[PDB]
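These are the residues of each chain, in order.
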Amino acid sequence: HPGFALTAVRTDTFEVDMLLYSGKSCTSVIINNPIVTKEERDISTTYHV
Amino acid sequence: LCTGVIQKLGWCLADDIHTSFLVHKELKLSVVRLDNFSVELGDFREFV
Amino acid sequence: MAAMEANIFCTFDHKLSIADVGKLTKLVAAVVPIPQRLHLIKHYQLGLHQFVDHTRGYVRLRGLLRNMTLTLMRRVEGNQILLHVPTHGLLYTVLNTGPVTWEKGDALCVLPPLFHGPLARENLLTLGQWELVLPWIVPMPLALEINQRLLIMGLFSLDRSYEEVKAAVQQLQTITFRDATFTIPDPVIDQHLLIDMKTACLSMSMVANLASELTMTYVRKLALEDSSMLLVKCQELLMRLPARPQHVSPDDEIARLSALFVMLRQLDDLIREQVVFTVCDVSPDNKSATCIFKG
Amino acid sequence: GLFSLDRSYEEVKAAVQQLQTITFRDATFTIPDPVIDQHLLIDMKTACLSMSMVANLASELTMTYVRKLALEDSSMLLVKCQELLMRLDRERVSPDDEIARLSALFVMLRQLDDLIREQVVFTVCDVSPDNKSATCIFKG
Amino acid sequence: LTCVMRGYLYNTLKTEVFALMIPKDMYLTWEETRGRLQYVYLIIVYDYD
Amino acid sequence: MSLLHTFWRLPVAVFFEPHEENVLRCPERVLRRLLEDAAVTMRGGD
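Residues numbered from 1 in each chain as written, not as in the entry; some residues may be left out. Chains lettered and ligands numbered in written order. Part of a larger assembly, values for the part shown. Heavy atoms only, no water.

The deposited coordinates derive from cryo-EM, with the record listing a resolution of 4.01 Å.

## Some points on the side chain of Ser-38 of chain B
Of note, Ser-38 of chain B is situated in strand β4 (residues 38-41). Excluding residues that lie within four positions of it along the chain, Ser-38 of chain B makes contacts with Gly-10 and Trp-11 of chain B together with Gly-7 and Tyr-8 of chain E. (Helix = DSSP H or I, 4+ residues; strand = E, 2+ residues; numbered from the N terminus. Contact = heavy atoms within 4.5 Å.)

## Some words on the packing of helix α3 (residues 140-156) of chain C against helix α4 (residues 162-172) of chain C
All names here are of chain C. It is at 10 Å that the axes of α3 and α4 come closest, and there the two elements cross at 175 degrees. Accordingly, the angle class assigned to the pair α3 and α4 is roughly antiparallel. Contacts from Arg-149, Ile-152, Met-153 and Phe-156 of α3 reach α4 at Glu-164, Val-165, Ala-168, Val-169, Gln-171 and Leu-172. Residue composition of the contact of α3 with α4, grouped by class: seven nonpolar, one polar and two charged. (Axes fitted to C-alpha atoms, helices over the stretch in contact; angles between N-to-C directions. Parallel < 35°, antiparallel > 145°, perpendicular 65-115°, else oblique. Nonpolar A, V, L, I, M, F, W, Y, C, P; charged D, E, K, R; others polar.)

## Here's the deal with the sheet that holds strand β2 (residues 18-24) of chain B
Spatial ordering of the open sheet is given by β2(B)-β3(B)-β1(E), a layout of three strands whose pairing is antiparallel. Since the sheet does not close on itself, it has two edges, and those belong to β2 of chain B together with β1 (20-23) of chain E, each with one partner. For this sheet, the mean inter-axis angle between neighbouring strands, taken without regard to orientation, is 45 degrees. Pairing of strand β3 (residues 27-34) of chain B with β1 of chain E involves four bridges; the strand directions are antiparallel. Residue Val-31 of chain B lies in a different strand from β1 of chain E, and its bridge partner there is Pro-23 of chain E. (Pairing = 2+ DSSP bridges.)

## Here we look at the pairing of strand β8 (residues 136-139) of chain C
Residues and elements named next belong to chain C. Residues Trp-136 and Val-138 point to one face of β8 and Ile-137 and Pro-139 to the other, with burial holding for every one of them. Bridging between strand β7 (residues 107-111) and β8 involves four bridges; their strand directions are antiparallel. When the bridges of β8 are listed, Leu-111 appears paired with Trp-136. (Buried < 20%, exposed > 50% of the residue type's maximum accessible area, 1.4 Å probe, protein only.)

## Focus: the sheet that holds strand β5 (residues 80-84) of chain C
Within a sheet, adjacent strands bond to each other through the backbone by hydrogen bonds, running parallel or antiparallel. Residues and elements named next belong to chain C. Sheet architecture is open: five strands sit in the order β2-β4-β5-β1-β3, paired in mixed fashion. In this open sheet, the two strands that pair with only one neighbour each are β2 (31-34) and β3 (40-42). Going across the sheet, the axis of each strand differs from the next one's by a mean of 40 degrees, ignoring polarity. Direction of pairing for strand β1 (residues 7-11) relative to β3: parallel, over a ladder of three bridges.

## Focus on a nonpolar patch on the surface
A cluster of nonpolar side chains, contributed by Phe-47 of chain B together with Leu-28, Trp-30, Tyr-39, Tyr-41, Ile-43 and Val-45 of chain E, occupies part of the molecular surface with about 800 Å² of accessible area. If one sorts the elements of the nonpolar patch by residue count, strand β2 (residues 37-45) of chain E sits on top with four residues. Assignment of secondary structure puts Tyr-41 of chain E in strand β2. On the accessibility criterion, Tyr-41 of chain E (45% relative accessible area) is partly exposed. (Patch = residues over 30% accessible without salt bridge, like charges linked within 9 Å, V, L, I, M, F, W, Y side chains within 5 Å. Areas by Shrake-Rupley, 256 points an atom, 1.4 Å probe, with all protein chains shown as cover. Salt bridge = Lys/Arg side-chain N within 4 Å of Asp/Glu carboxyl O.)

## Structural notes on the interface of chain C and chain D
Interface size is often expressed as the accessible area that is lost when the parts come together. Taken together, the 58 residues of chain C in the interface contact 63 residues of chain D. Here chain C packs against chain D, burying approximately 5,700 Å² in sum over the two surfaces, 71% of which is carbon and sulfur. Applying the counting criterion to the chain C and chain D interface returns six salt bridges. Taking the shortest distance from any N to any O, the salt bridge between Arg-244 of chain C and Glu-11 of chain D comes out at 2.6 Å. In this structure, the connection of chain C to chain D is made through 14 residue pairs in polar contact. Looking at the side of chain C that touches chain D, the elements with two or more residues in it are α3, α4, α5 (191-210), α6 (213-225), α7 (229-237) and α8 (250-268) of chain C. Ranked by residue count, the leading element in the side of chain C that touches chain D is α5 of chain C, at ten residues. Classifying every residue of the side of chain C that touches chain D gives 38 nonpolar, five polar and 15 charged. (Buried area = accessible area lost by both parts, 1.4 Å probe. Polar contact = N/O pair within 3.5 Å; in protein donor to acceptor, adjacent residues only side chain to side chain.)

## With respect to unusual backbone geometry
Backbone geometry places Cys-2 of chain B, a non-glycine residue, at a positive phi of 60 degrees. Although it is not a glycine, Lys-14 of chain E sits at a positive phi angle of roughly 60 degrees. Counting through the fold element by element, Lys-14 of chain E comes out in the segment before β1. Look at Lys-14 of chain E and you get partly exposed, because its relative accessible area is 37%.

## Some words on helix α4 (residues 95-116) of chain D
A rise of 1.5 Å per residue sets the reference length of α4 of chain D, with its 22 residues, at 32 Å; its end C-alpha atoms lie 31 Å apart and thus fit the reference within 8%. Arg-110 of chain D marks the point of greatest bend in α4 of chain D, at about 35 degrees. Among all positions in α4 of chain D, only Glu-98, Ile-99, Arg-101, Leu-102, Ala-104, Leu-105, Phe-106, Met-108, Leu-109, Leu-112, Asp-113 and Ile-116 of chain D are buried. Contact partners of the buried residues in α4 of chain D: α3, α4, α5, α7 and α8 of chain C together with α2 (42-72) of chain D. (Expected span 1.5 Å × (residues − 1). Bend = angle between axes of the 7 residues up to and from the residue.)

## Some details on a negative patch on the surface
A cluster of like negative charges, contributed by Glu-163, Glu-164 and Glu-236 of chain C together with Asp-96 and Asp-97 of chain D, occupies part of the molecular surface. Contributions of two or more residues to the negative patch are made by α4 of chain C together with α4 of chain D. Residue position: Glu-164 of chain C is located in helix α4. (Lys, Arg positive; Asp, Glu negative; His and termini not counted. Charge placed at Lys NZ, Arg CZ, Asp CG, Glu CD.)

## Observations concerning the packing of α8 of chain C against α4 of chain D
For the pair α8 of chain C and α4 of chain D, the least separation of the axes is 10 Å and the interaxial angle reads 125 degrees. Between α8 of chain C and α4 of chain D, the angle is such that the two are oblique. As for how α8 of chain C packs across α4 of chain D, the hand of that crossing is left-handed. Residues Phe-261, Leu-264, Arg-265, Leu-267 and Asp-268 of chain C of α8 of chain C pack against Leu-109, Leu-112, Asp-113, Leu-115 and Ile-116 of chain D of α4 of chain D. (Left-handed = near helix turned anticlockwise from the far one by under 90°.)

Okay, structure coming up:
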């Protein structure tokens, strides 16, 4: 045994199920109707909302 | 002269690239396959 | 499974005052680079400020900017931006930032920004330890002489005295273009510039080997016969040290000229940037122009 | 163009004459001599002068820097480059003037790039029996 | 033989879209992880034996 | 002082692991001691 006494530090990560409480009408989410955008190609077309 | 030449032909979606085999005269060749390939031919330019 | 996006939305996460939104509205039709293409990206990935590391080297920023994607800015509104990637070959209207004055038919290059004078206009989007650093769009001669001068500084830094190198830096940091004065920031040595130097030296030596004796003797013969301003001025830069040509071989000479063209291309593309726009229209206010796109 | 100063010799006349006639697929037209009235025009003379000046400068310029880079190089191509210059040397300075000399090399290299890089404007896929007409896709 | 020199590669009704076939010996990749958009280049090199 | 004659007029700096190529790394003391030890060894073993 040499003249030092090293200590170890390590991290353990857990996977967890949580519960969450919030008061009614604690925040207001305001939204607008989804906006549609077109992108075109000869093979196929994609639509973004 | 012109120890190497590079020309451009195509742009692809990387997720499309896959491997498959090719058959002719009942024999098999193994190739890589770029599924949704759009071609844009470029000229030869040489690098040394 | 997923196609390439053509319209890119941007949303600043931090709150924007009316002054910030006004400054952003002034920036309509500017050129903004992005590192990756998605339909909805954040302002952390937008702009050039992300690549300003502790090195700050101009050559590394030039190299890293080349790999980015080029997008035109449209339709700025409340807290939202619309970025549009220009399709190759079509006609687009653009905005300019640098004090450069454009003209008809210039080939435009994109480069990291220099600064003119006291660095006096940088009060745009000072929000949250982040800056909307735009690139500089300049015509071909300015970019050519920029790359040439950094390459010159890199070559001259070899084995020369530090004080003489500093005098050369003082000379070469300043650039005059179309009666405007520019100054380069951070002319440091970097691995990209070292590789450029290696390629430049190899190309120069190969050019010197390939060049035929006719090409070597032509300068001295013409100087002996003719006397003109360009000839005397170029001879002043050269070194001083009838008869029929002892070798006359068109086939070997034309093959040699083809190889020398190859090597001259190899030397050229070091200083030649990739063309982004070619312009044919200008606003009389010089701010906006319509340009054809390439690259 | 480079043969403009040696035109008085029969060898150069024969070489130039053989040069003018270019042969291609069922075509044998001759390209006109750029030297007219025993003289050369200004832009072609400038092209030849810049070409020869670049080629002459590079030989002296590259030798000083190639040895330094080879001292720094680890990929050995610069060492063989210095050996190439050594064999060339067997076959045959103030700092501000050095800077001006490099600047001259590159500034005249700017001029030469026009002749060095051809650009393609059309590539063809349709040829008529009316062959003087064809269809192409456009590039720029 | 019919050849396309622009855009995608599809049959008459675009019901089927054809890929570009390249053998494994001639296919080369330098980058270890791919990005969404990447281009295809043809390279010829000369080994001066 | 010249016993070796070389085609290449300028030497290259060594690189890569010894498994890739054959090189002659050779301290003077090592070679001299090797020779002086080997000379007697051959003599050892009408």
